[PDB]
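Shown next: run_2.cif, given as mmCIF, C-alpha atoms and all ligand atoms.
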```cif
data_query
#
loop_
_atom_site.group_PDB
_atom_site.id
_atom_site.type_symbol
_atom_site.label_atom_id
_atom_site.label_comp_id
_atom_site.auth_asym_id
_atom_site.auth_seq_id
_atom_site.Cartn_x
_atom_site.Cartn_y
_atom_site.Cartn_z
ATOM 1 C CA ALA A 2 0.000 0.000 0.000
ATOM 2 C CA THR A 3 2.872 2.380 -1.016
ATOM 3 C CA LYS A 4 2.371 6.116 -1.479
ATOM 4 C CA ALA A 5 4.619 8.920 -2.685
ATOM 5 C CA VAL A 6 4.335 12.709 -3.121
ATOM 6 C CA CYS A 7 6.154 15.521 -4.902
ATOM 7 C CA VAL A 8 6.068 19.302 -4.598
ATOM 8 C CA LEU A 9 6.650 20.864 -8.021
ATOM 9 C CA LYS A 10 8.386 24.277 -7.897
ATOM 10 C CA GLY A 11 10.452 26.512 -10.128
ATOM 11 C CA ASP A 12 11.963 29.872 -11.106
ATOM 12 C CA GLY A 13 8.643 31.233 -12.393
ATOM 13 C CA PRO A 14 4.935 31.122 -11.502
ATOM 14 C CA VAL A 15 4.449 27.403 -12.221
ATOM 15 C CA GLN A 16 3.898 25.393 -9.051
ATOM 16 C CA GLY A 17 1.895 22.402 -7.812
ATOM 17 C CA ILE A 18 1.564 19.185 -5.841
ATOM 18 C CA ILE A 19 1.442 15.686 -7.393
ATOM 19 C CA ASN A 20 0.543 12.476 -5.549
ATOM 20 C CA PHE A 21 1.480 8.858 -6.265
ATOM 21 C CA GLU A 22 -0.247 5.681 -5.098
ATOM 22 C CA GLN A 23 0.683 2.077 -5.948
ATOM 23 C CA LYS A 24 -1.700 -0.348 -4.248
ATOM 24 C CA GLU A 25 0.340 -3.433 -5.080
ATOM 25 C CA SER A 26 4.057 -3.948 -5.691
ATOM 26 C CA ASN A 27 3.493 -5.591 -9.069
ATOM 27 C CA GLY A 28 0.611 -3.231 -10.024
ATOM 28 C CA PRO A 29 -0.077 0.136 -11.627
ATOM 29 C CA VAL A 30 0.634 3.546 -10.100
ATOM 30 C CA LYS A 31 -2.085 6.179 -9.892
ATOM 31 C CA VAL A 32 -0.736 9.685 -10.334
ATOM 32 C CA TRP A 33 -2.890 12.645 -9.387
ATOM 33 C CA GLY A 34 -2.777 16.234 -8.207
ATOM 34 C CA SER A 35 -3.024 19.839 -9.340
ATOM 35 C CA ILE A 36 -0.456 22.046 -11.089
ATOM 36 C CA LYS A 37 -1.049 25.759 -11.669
ATOM 37 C CA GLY A 38 0.452 28.841 -13.312
ATOM 38 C CA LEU A 39 0.592 26.935 -16.602
ATOM 39 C CA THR A 40 0.235 28.365 -20.110
ATOM 40 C CA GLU A 41 -3.095 27.124 -21.555
ATOM 41 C CA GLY A 42 -2.922 23.802 -23.351
ATOM 42 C CA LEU A 43 -0.729 20.676 -23.364
ATOM 43 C CA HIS A 44 2.413 20.259 -21.267
ATOM 44 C CA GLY A 45 5.088 17.592 -21.227
ATOM 45 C CA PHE A 46 5.255 15.607 -18.019
ATOM 46 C CA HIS A 47 8.120 13.246 -17.206
ATOM 47 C CA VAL A 48 10.076 11.575 -14.413
ATOM 48 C CA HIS A 49 13.763 12.407 -14.814
ATOM 49 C CA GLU A 50 16.722 10.336 -13.664
ATOM 50 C CA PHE A 51 18.212 12.288 -10.789
ATOM 51 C CA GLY A 52 16.731 13.738 -7.616
ATOM 52 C CA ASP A 53 19.300 16.482 -7.898
ATOM 53 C CA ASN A 54 18.122 20.077 -7.462
ATOM 54 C CA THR A 55 21.628 21.605 -7.048
ATOM 55 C CA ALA A 56 21.537 23.838 -10.100
ATOM 56 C CA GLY A 57 17.746 23.973 -10.345
ATOM 57 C CA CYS A 58 15.677 21.649 -12.515
ATOM 58 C CA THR A 59 18.591 21.222 -14.980
ATOM 59 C CA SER A 60 20.449 19.046 -12.463
ATOM 60 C CA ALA A 61 17.687 16.399 -12.741
ATOM 61 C CA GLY A 62 19.356 15.125 -15.886
ATOM 62 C CA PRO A 63 17.532 13.349 -18.704
ATOM 63 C CA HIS A 64 14.348 11.301 -18.872
ATOM 64 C CA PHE A 65 14.464 8.301 -16.528
ATOM 65 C CA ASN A 66 15.561 5.516 -18.875
ATOM 66 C CA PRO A 67 16.996 2.389 -17.199
ATOM 67 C CA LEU A 68 16.023 0.022 -20.037
ATOM 68 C CA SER A 69 18.030 2.168 -22.498
ATOM 69 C CA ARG A 70 15.190 2.811 -24.944
ATOM 70 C CA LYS A 71 13.997 5.668 -27.158
ATOM 71 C CA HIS A 72 11.529 8.405 -26.143
ATOM 72 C CA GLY A 73 7.818 7.808 -26.638
ATOM 73 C CA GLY A 74 4.272 8.221 -25.414
ATOM 74 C CA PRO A 75 3.141 6.418 -22.277
ATOM 75 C CA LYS A 76 0.948 3.982 -24.207
ATOM 76 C CA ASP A 77 3.836 3.265 -26.575
ATOM 77 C CA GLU A 78 5.847 0.110 -25.767
ATOM 78 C CA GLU A 79 9.032 1.748 -26.993
ATOM 79 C CA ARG A 80 9.205 4.455 -24.331
ATOM 80 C CA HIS A 81 11.354 5.735 -21.497
ATOM 81 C CA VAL A 82 10.279 4.403 -18.088
ATOM 82 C CA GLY A 83 9.782 8.009 -17.040
ATOM 83 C CA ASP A 84 7.750 9.083 -20.084
ATOM 84 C CA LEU A 85 4.364 9.932 -18.557
ATOM 85 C CA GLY A 86 3.325 11.907 -21.656
ATOM 86 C CA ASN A 87 1.278 15.129 -21.379
ATOM 87 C CA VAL A 88 -0.826 17.063 -18.871
ATOM 88 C CA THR A 89 -3.533 19.506 -19.975
ATOM 89 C CA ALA A 90 -3.893 23.051 -18.631
ATOM 90 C CA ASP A 91 -7.216 24.993 -18.708
ATOM 91 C CA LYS A 92 -7.923 28.721 -19.304
ATOM 92 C CA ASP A 93 -7.004 29.947 -15.824
ATOM 93 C CA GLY A 94 -3.697 28.033 -15.913
ATOM 94 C CA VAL A 95 -4.695 25.011 -13.809
ATOM 95 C CA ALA A 96 -3.892 21.462 -14.849
ATOM 96 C CA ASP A 97 -5.933 18.859 -12.950
ATOM 97 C CA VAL A 98 -3.630 15.850 -13.292
ATOM 98 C CA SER A 99 -5.091 12.339 -13.301
ATOM 99 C CA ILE A 100 -2.904 9.703 -14.914
ATOM 100 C CA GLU A 101 -2.677 5.942 -14.319
ATOM 101 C CA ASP A 102 0.511 4.190 -15.449
ATOM 102 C CA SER A 103 1.964 0.653 -15.452
ATOM 103 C CA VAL A 104 5.604 1.157 -16.484
ATOM 104 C CA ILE A 105 6.691 3.403 -13.593
ATOM 105 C CA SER A 106 6.818 1.988 -10.067
ATOM 106 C CA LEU A 107 7.298 2.924 -6.421
ATOM 107 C CA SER A 108 9.493 -0.166 -5.885
ATOM 108 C CA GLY A 109 12.338 -2.095 -7.545
ATOM 109 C CA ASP A 110 14.188 -1.675 -10.865
ATOM 110 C CA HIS A 111 11.704 0.902 -12.113
ATOM 111 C CA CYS A 112 11.593 2.735 -8.734
ATOM 112 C CA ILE A 113 10.949 6.436 -9.343
ATOM 113 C CA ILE A 114 11.233 7.364 -5.663
ATOM 114 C CA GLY A 115 14.146 9.689 -4.996
ATOM 115 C CA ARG A 116 14.037 10.941 -8.573
ATOM 116 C CA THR A 117 12.705 14.190 -10.090
ATOM 117 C CA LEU A 118 9.256 14.874 -11.574
ATOM 118 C CA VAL A 119 9.221 17.696 -14.162
ATOM 119 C CA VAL A 120 6.514 19.682 -15.919
ATOM 120 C CA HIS A 121 7.503 21.267 -19.212
ATOM 121 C CA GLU A 122 7.291 24.403 -21.345
ATOM 122 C CA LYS A 123 5.759 22.960 -24.526
ATOM 123 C CA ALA A 124 3.774 19.803 -25.243
ATOM 124 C CA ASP A 125 5.473 16.389 -25.546
ATOM 125 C CA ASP A 126 5.136 15.199 -29.178
ATOM 126 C CA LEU A 127 5.160 11.569 -27.915
ATOM 127 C CA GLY A 128 8.100 10.680 -30.166
ATOM 128 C CA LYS A 129 6.112 11.157 -33.382
ATOM 129 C CA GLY A 130 7.950 14.386 -34.272
ATOM 130 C CA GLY A 131 10.172 13.052 -37.054
ATOM 131 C CA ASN A 132 13.241 15.012 -35.993
ATOM 132 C CA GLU A 133 16.237 13.800 -34.007
ATOM 133 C CA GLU A 134 15.283 15.520 -30.743
ATOM 134 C CA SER A 135 11.752 14.068 -30.685
ATOM 135 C CA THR A 136 13.323 10.677 -30.072
ATOM 136 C CA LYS A 137 15.007 12.029 -26.938
ATOM 137 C CA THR A 138 13.224 14.869 -25.147
ATOM 138 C CA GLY A 139 9.899 14.775 -26.980
ATOM 139 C CA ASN A 140 10.495 18.369 -28.150
ATOM 140 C CA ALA A 141 8.611 19.431 -25.000
ATOM 141 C CA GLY A 142 11.021 22.287 -24.322
ATOM 142 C CA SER A 143 12.354 23.905 -21.142
ATOM 143 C CA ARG A 144 11.753 22.849 -17.538
ATOM 144 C CA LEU A 145 9.173 25.090 -15.926
ATOM 145 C CA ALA A 146 8.769 23.505 -12.516
ATOM 146 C CA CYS A 147 10.106 20.394 -10.829
ATOM 147 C CA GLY A 148 10.502 18.538 -7.554
ATOM 148 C CA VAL A 149 12.066 15.428 -5.972
ATOM 149 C CA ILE A 150 9.692 12.490 -5.520
ATOM 150 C CA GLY A 151 9.393 11.542 -1.876
ATOM 151 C CA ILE A 152 7.949 8.824 0.315
ATOM 152 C CA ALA A 153 4.571 9.841 1.709
ATOM 153 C CA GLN A 154 2.445 8.768 4.676
ATOM 154 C CA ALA B 2 29.230 3.580 -5.718
ATOM 155 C CA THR B 3 25.681 4.879 -4.934
ATOM 156 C CA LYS B 4 25.375 8.644 -4.434
ATOM 157 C CA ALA B 5 22.599 10.896 -3.184
ATOM 158 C CA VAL B 6 22.078 14.633 -2.706
ATOM 159 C CA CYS B 7 19.732 16.982 -0.885
ATOM 160 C CA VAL B 8 18.972 20.712 -1.154
ATOM 161 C CA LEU B 9 18.061 22.052 2.289
ATOM 162 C CA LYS B 10 15.637 24.994 2.190
ATOM 163 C CA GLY B 11 13.114 26.713 4.454
ATOM 164 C CA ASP B 12 10.938 29.662 5.479
ATOM 165 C CA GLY B 13 13.894 31.674 6.811
ATOM 166 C CA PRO B 14 17.549 32.385 5.880
ATOM 167 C CA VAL B 15 18.798 28.861 6.569
ATOM 168 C CA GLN B 16 19.802 27.041 3.380
ATOM 169 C CA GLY B 17 22.361 24.560 2.105
ATOM 170 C CA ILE B 18 23.394 21.510 0.094
ATOM 171 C CA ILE B 19 24.278 18.111 1.587
ATOM 172 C CA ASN B 20 25.812 15.181 -0.297
ATOM 173 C CA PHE B 21 25.668 11.431 0.379
ATOM 174 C CA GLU B 22 28.038 8.706 -0.845
ATOM 175 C CA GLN B 23 27.896 4.990 -0.029
ATOM 176 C CA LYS B 24 30.750 3.165 -1.784
ATOM 177 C CA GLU B 25 29.425 -0.299 -0.958
ATOM 178 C CA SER B 26 25.910 -1.604 -0.361
ATOM 179 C CA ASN B 27 26.876 -3.147 2.991
ATOM 180 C CA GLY B 28 29.130 -0.212 3.965
ATOM 181 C CA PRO B 29 29.061 3.167 5.650
ATOM 182 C CA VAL B 30 27.640 6.385 4.160
ATOM 183 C CA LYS B 31 29.749 9.533 4.006
ATOM 184 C CA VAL B 32 27.674 12.660 4.482
ATOM 185 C CA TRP B 33 29.114 16.023 3.582
ATOM 186 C CA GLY B 34 28.309 19.528 2.463
ATOM 187 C CA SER B 35 27.740 23.084 3.596
ATOM 188 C CA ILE B 36 24.749 24.686 5.390
ATOM 189 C CA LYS B 37 24.532 28.430 6.001
ATOM 190 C CA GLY B 38 22.391 31.124 7.670
ATOM 191 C CA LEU B 39 22.684 29.190 10.939
ATOM 192 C CA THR B 40 22.750 30.606 14.460
ATOM 193 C CA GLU B 41 26.267 30.078 15.869
ATOM 194 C CA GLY B 42 26.759 26.756 17.647
ATOM 195 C CA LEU B 43 25.320 23.248 17.651
ATOM 196 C CA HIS B 44 22.304 22.206 15.550
ATOM 197 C CA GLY B 45 20.271 19.010 15.461
ATOM 198 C CA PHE B 46 20.540 17.079 12.220
ATOM 199 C CA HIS B 47 18.278 14.176 11.377
ATOM 200 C CA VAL B 48 16.714 12.141 8.595
ATOM 201 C CA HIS B 49 12.920 12.173 8.983
ATOM 202 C CA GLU B 50 10.475 9.531 7.796
ATOM 203 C CA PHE B 51 8.615 11.157 4.921
ATOM 204 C CA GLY B 52 9.732 12.932 1.754
ATOM 205 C CA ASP B 53 6.635 15.082 2.087
ATOM 206 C CA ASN B 54 7.021 18.845 1.729
ATOM 207 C CA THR B 55 3.299 19.573 1.295
ATOM 208 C CA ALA B 56 2.884 21.757 4.405
ATOM 209 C CA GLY B 57 6.571 22.699 4.653
ATOM 210 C CA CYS B 58 9.096 20.855 6.773
ATOM 211 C CA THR B 59 6.323 19.765 9.224
ATOM 212 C CA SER B 60 4.985 17.265 6.676
ATOM 213 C CA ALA B 61 8.227 15.286 6.893
ATOM 214 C CA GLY B 62 6.863 13.619 10.036
ATOM 215 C CA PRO B 63 9.053 12.230 12.831
ATOM 216 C CA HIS B 64 12.598 10.925 13.023
ATOM 217 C CA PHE B 65 13.113 7.994 10.624
ATOM 218 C CA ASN B 66 12.648 5.008 12.910
ATOM 219 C CA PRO B 67 11.902 1.683 11.215
ATOM 220 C CA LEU B 68 13.388 -0.464 14.024
ATOM 221 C CA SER B 69 10.957 1.154 16.516
ATOM 222 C CA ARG B 70 13.629 2.370 18.933
ATOM 223 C CA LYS B 71 14.170 5.390 21.221
ATOM 224 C CA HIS B 72 15.984 8.604 20.255
ATOM 225 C CA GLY B 73 19.722 8.811 20.710
ATOM 226 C CA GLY B 74 23.106 10.009 19.526
ATOM 227 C CA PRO B 75 24.599 8.500 16.354
ATOM 228 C CA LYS B 76 27.263 6.561 18.264
ATOM 229 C CA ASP B 77 24.613 5.210 20.637
ATOM 230 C CA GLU B 78 23.329 1.725 19.763
ATOM 231 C CA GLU B 79 19.836 2.634 21.021
ATOM 232 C CA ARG B 80 19.108 5.280 18.382
ATOM 233 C CA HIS B 81 16.716 6.082 15.550
ATOM 234 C CA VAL B 82 18.052 5.068 12.131
ATOM 235 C CA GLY B 83 17.745 8.710 11.133
ATOM 236 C CA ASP B 84 19.505 10.146 14.188
ATOM 237 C CA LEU B 85 22.637 11.730 12.691
ATOM 238 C CA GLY B 86 23.252 13.827 15.808
ATOM 239 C CA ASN B 87 24.554 17.422 15.582
ATOM 240 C CA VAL B 88 26.151 19.826 13.113
ATOM 241 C CA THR B 89 28.324 22.755 14.238
ATOM 242 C CA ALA B 90 27.895 26.328 12.961
ATOM 243 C CA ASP B 91 30.720 28.880 13.061
ATOM 244 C CA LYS B 92 30.591 32.703 13.722
ATOM 245 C CA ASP B 93 29.455 33.760 10.211
ATOM 246 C CA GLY B 94 26.626 31.169 10.279
ATOM 247 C CA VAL B 95 28.251 28.501 8.161
ATOM 248 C CA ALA B 96 28.284 24.802 9.103
ATOM 249 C CA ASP B 97 30.806 22.696 7.216
ATOM 250 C CA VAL B 98 29.186 19.270 7.534
ATOM 251 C CA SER B 99 31.387 16.162 7.485
ATOM 252 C CA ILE B 100 29.839 13.064 9.029
ATOM 253 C CA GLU B 101 30.365 9.372 8.406
ATOM 254 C CA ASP B 102 27.650 6.955 9.517
ATOM 255 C CA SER B 103 26.963 3.209 9.483
ATOM 256 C CA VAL B 104 23.299 2.885 10.514
ATOM 257 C CA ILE B 105 21.797 4.900 7.625
ATOM 258 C CA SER B 106 21.938 3.512 4.088
ATOM 259 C CA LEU B 107 21.280 4.386 0.455
ATOM 260 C CA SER B 108 19.780 0.910 -0.135
ATOM 261 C CA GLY B 109 17.389 -1.598 1.496
ATOM 262 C CA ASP B 110 15.465 -1.589 4.819
ATOM 263 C CA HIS B 111 17.381 1.446 6.118
ATOM 264 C CA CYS B 112 17.078 3.258 2.747
ATOM 265 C CA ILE B 113 16.968 7.004 3.408
ATOM 266 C CA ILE B 114 16.476 7.897 -0.266
ATOM 267 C CA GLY B 115 13.155 9.565 -0.877
ATOM 268 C CA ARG B 116 12.995 10.761 2.712
ATOM 269 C CA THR B 117 13.581 14.212 4.222
ATOM 270 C CA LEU B 118 16.789 15.594 5.765
ATOM 271 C CA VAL B 119 16.220 18.303 8.382
ATOM 272 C CA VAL B 120 18.456 20.820 10.150
ATOM 273 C CA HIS B 121 17.168 22.116 13.493
ATOM 274 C CA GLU B 122 16.676 25.214 15.661
ATOM 275 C CA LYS B 123 18.505 24.105 18.830
ATOM 276 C CA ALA B 124 21.111 21.404 19.493
ATOM 277 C CA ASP B 125 20.205 17.704 19.749
ATOM 278 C CA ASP B 126 20.761 16.568 23.388
ATOM 279 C CA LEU B 127 21.529 13.040 22.089
ATOM 280 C CA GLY B 128 18.803 11.533 24.299
ATOM 281 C CA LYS B 129 20.668 12.323 27.554
ATOM 282 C CA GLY B 130 18.185 15.100 28.445
ATOM 283 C CA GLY B 131 16.318 13.278 31.194
ATOM 284 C CA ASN B 132 12.895 14.574 30.159
ATOM 285 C CA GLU B 133 10.233 12.763 28.158
ATOM 286 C CA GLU B 134 10.777 14.680 24.904
ATOM 287 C CA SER B 135 14.567 14.051 24.825
ATOM 288 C CA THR B 136 13.747 10.382 24.195
ATOM 289 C CA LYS B 137 11.791 11.383 21.067
ATOM 290 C CA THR B 138 12.950 14.569 19.350
ATOM 291 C CA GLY B 139 16.227 15.169 21.154
ATOM 292 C CA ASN B 140 14.853 18.529 22.357
ATOM 293 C CA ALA B 141 16.489 20.050 19.243
ATOM 294 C CA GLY B 142 13.504 22.296 18.616
ATOM 295 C CA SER B 143 11.854 23.609 15.426
ATOM 296 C CA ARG B 144 12.641 22.784 11.821
ATOM 297 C CA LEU B 145 14.681 25.570 10.232
ATOM 298 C CA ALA B 146 15.420 24.121 6.786
ATOM 299 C CA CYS B 147 14.818 20.797 5.076
ATOM 300 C CA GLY B 148 14.819 18.934 1.774
ATOM 301 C CA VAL B 149 13.922 15.599 0.173
ATOM 302 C CA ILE B 150 16.892 13.235 -0.317
ATOM 303 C CA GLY B 151 17.404 12.447 -3.977
ATOM 304 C CA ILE B 152 19.378 10.093 -6.195
ATOM 305 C CA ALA B 153 22.450 11.833 -7.581
ATOM 306 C CA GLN B 154 24.785 11.297 -10.555
HETATM 307 CU CU CU C 1 10.866 15.851 -19.283
HETATM 308 CU CU CU C 2 14.891 16.053 13.452
HETATM 309 ZN ZN ZN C 3 11.305 10.365 -22.547
HETATM 310 ZN ZN ZN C 4 15.617 10.526 16.674
#
```

Written as structure tokens, how would this file's structure read?
Amino acid sequence: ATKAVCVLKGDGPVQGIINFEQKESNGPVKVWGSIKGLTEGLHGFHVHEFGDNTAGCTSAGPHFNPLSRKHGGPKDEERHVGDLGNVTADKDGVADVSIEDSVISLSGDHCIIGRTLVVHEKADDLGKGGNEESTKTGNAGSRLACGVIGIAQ
Amino acid sequence: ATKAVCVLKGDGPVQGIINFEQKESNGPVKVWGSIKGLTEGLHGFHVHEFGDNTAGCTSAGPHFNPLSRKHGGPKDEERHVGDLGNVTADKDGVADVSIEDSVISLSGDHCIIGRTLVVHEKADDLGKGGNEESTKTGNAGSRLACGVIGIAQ
């Protein structure tokens, strides 16, 4: 009955709280919460490798990718472990996050705990961009707000 | 060669960066870094249970204590896993942290990764206080600055 939580923060107005809940060690992880201060529309949303906030969000490194694969959408089989795809922001800048994912986990090889969650400038093209970069970052742009994923009560 | 890192931050002037490095899974963890904005003298210094920063440092919960023991100094056998004792601050407010500890770990049962590090108002009395509270918190007072412990490169 594992739970985790993460406080997203950054240099600008983007901030929020995102919760994690994995009922069973082998099972899927529900991800939910509310991010605000976001430019209206789609935003990239990924778990990055390092829980390092030394030099801001940049220190977090690249997309969490322990199985050494190419970038993709969450439904895609060929994806990064940390590729949680997009989150959608409404008029007044709020994004009411509600994802459910089976690749990430709060335990084991795929353990995201102690690593960084990151919301992004532009939308994640889910790897279907055609250019070189789309296969890596998703062309989702700069890092607006981020936070280290922590064990929750 | 597992490494971790943590950015200590808070409501007031206290801030800093603390590094972790465990060369071997079964071995001790070197803790080092630099905290500043500290009142001159001793300060309590502990790993708390939860990586929760929702409602500030208070969300972190109590001292990390999976073996259900009483508070103590780091050298004491009867201690909390997360009891790293004290850190010393010099005149100009700076505390050059350099601990080495064998109870905490960056892997397994004692895994501190994904949990919160916390620097304190007063000094930790290392459980020798005689009162009720010294057996729990170390009488080290309020939480000045804290941060979630994250996986580092
Ligand atoms: Cu990303
Ligand atoms: Cu403490
Ligand atoms: Zn990716
Ligand atoms: Zn304690």

**OP:** Please check which protein, DNA or RNA residues sit within 9 Å of ligand ZN 4 (chain C), counting all atoms listed in the file, and write them as a list in words.
**Re:** residues 47, 48, 49, 63, 64, 65, 66, 70, 71, 72, 73, 74, 80, 81, 82, 83, 84, 85, 86, 127, 128, 135, 136, 137, 138 and 139 of chain B

Original post:
Of the residues B:129, B:31, B:37, B:123, which is the one nearest to residue 14 of chain B, using only C-alpha atoms?
Top reply: B:37

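Residues in contact range of residue 103 of chain B, defined as at most 7 Å between all atoms listed in the file, with sequence neighbours fewer than 2 positions away removed, read residues 28, 29, 30 and 105 of chain B.
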
**OP:** Enumerate as an MDAnalysis selection string the residues belonging to chain B that approach chain A to within 9 Å, with all atoms listed in the file taken into account.
**Re:** chainID B and resid 5:8 18 50:55 60:62 114:117 148:154

Subject >> Distance in Å - atom CA of residue 69 of chain A versus atom CA of residue 111 of chain A >> reply: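 Value for the atom CA of residue 69 of chain A-atom CA of residue 111 of chain A distance: 12.2 Å.
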
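Proximity to ligand CU 1 (chain C) was assessed for A:3, A:108, A:59, A:16 counting only C-alpha atoms and all ligand atoms; the smallest distance is recorded for A:59.
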
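Checking A:110, A:102, A:91, A:97 one by one against residue 40 of chain A, counting only C-alpha atoms, you find the shortest gap at A:91.
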
Original post:
Closest to ligand ZN 3 (chain C) among A:27, A:134, A:90, A:4, using all atoms listed in the file?
Top reply: A:134

Original post:
Taking the file as shown, what set of residues would the PyMOL selection byres (((chain B and resi 147) around 6) and not hetatm) give back, as JSON, numbers by chain?
Top reply: {"B": [9, 10, 58, 118, 119, 146, 148]}

**OP:** List the neighbours of segment 140-143 of chain B out to 6 Å using all atoms listed in the file; skip same-chain residues closer than 4 positions along the sequence, and give me the result as a list in words.
**Re:** residues 45, 121, 122, 123, 124, 125 and 135 of chain B

Original post:
Please, what distance in Å, to one decimal, runs between atom CA of residue 126 of chain B and atom CA of residue 12 of chain B?
Top reply: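 Calculated distance between atom CA of residue 126 of chain B and atom CA of residue 12 of chain B is 24.3 Å.
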
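The two atoms in question, atom CA of residue 94 of chain A and atom CA of residue 41 of chain A, are spaced 5.7 Å apart.
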
Please fill the gaps in segment 48-60 of chain B so it has N, CA, C and O atoms, and write that as a compact mmCIF listing (two decimals), in the frame of the given file.
```txt
# COMPACT_ATOMS: atom_id res chain seq x y z
N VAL B 48 17.50 12.60 9.73
CA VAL B 48 16.71 12.14 8.60
C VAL B 48 15.34 11.77 9.11
O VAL B 48 15.22 10.91 9.97
N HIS B 49 14.31 12.43 8.59
CA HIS B 49 12.92 12.17 8.98
C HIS B 49 12.23 11.21 8.05
O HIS B 49 12.67 11.00 6.93
N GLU B 50 11.11 10.66 8.49
CA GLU B 50 10.48 9.53 7.80
C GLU B 50 10.04 9.82 6.37
O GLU B 50 10.37 9.09 5.46
N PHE B 51 9.28 10.89 6.19
CA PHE B 51 8.62 11.16 4.92
C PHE B 51 9.26 12.23 4.05
O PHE B 51 9.68 13.27 4.52
N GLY B 52 9.31 11.95 2.75
CA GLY B 52 9.73 12.93 1.75
C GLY B 52 8.61 13.87 1.34
O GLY B 52 8.45 14.20 0.18
N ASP B 53 7.83 14.29 2.32
CA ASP B 53 6.64 15.08 2.09
C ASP B 53 6.94 16.52 2.47
O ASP B 53 7.34 16.81 3.59
N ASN B 54 6.77 17.41 1.52
CA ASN B 54 7.02 18.84 1.73
C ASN B 54 5.75 19.68 1.55
O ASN B 54 5.81 20.90 1.44
N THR B 55 4.62 18.98 1.51
CA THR B 55 3.30 19.57 1.30
C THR B 55 3.07 20.84 2.11
O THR B 55 2.92 21.93 1.55
N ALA B 56 3.04 20.67 3.43
CA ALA B 56 2.88 21.76 4.40
C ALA B 56 4.24 22.12 5.05
O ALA B 56 4.36 22.26 6.26
N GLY B 57 5.25 22.28 4.21
CA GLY B 57 6.57 22.70 4.65
C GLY B 57 7.41 21.56 5.19
O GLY B 57 7.31 20.44 4.74
N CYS B 58 8.28 21.87 6.13
CA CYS B 58 9.10 20.86 6.77
C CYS B 58 8.29 19.99 7.74
O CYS B 58 8.71 18.86 8.02
N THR B 59 7.17 20.50 8.25
CA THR B 59 6.32 19.76 9.22
C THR B 59 5.75 18.47 8.68
O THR B 59 5.52 17.54 9.43
N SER B 60 5.51 18.43 7.37
CA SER B 60 4.99 17.26 6.68
C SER B 60 5.93 16.08 6.70
O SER B 60 5.49 14.95 6.55
```
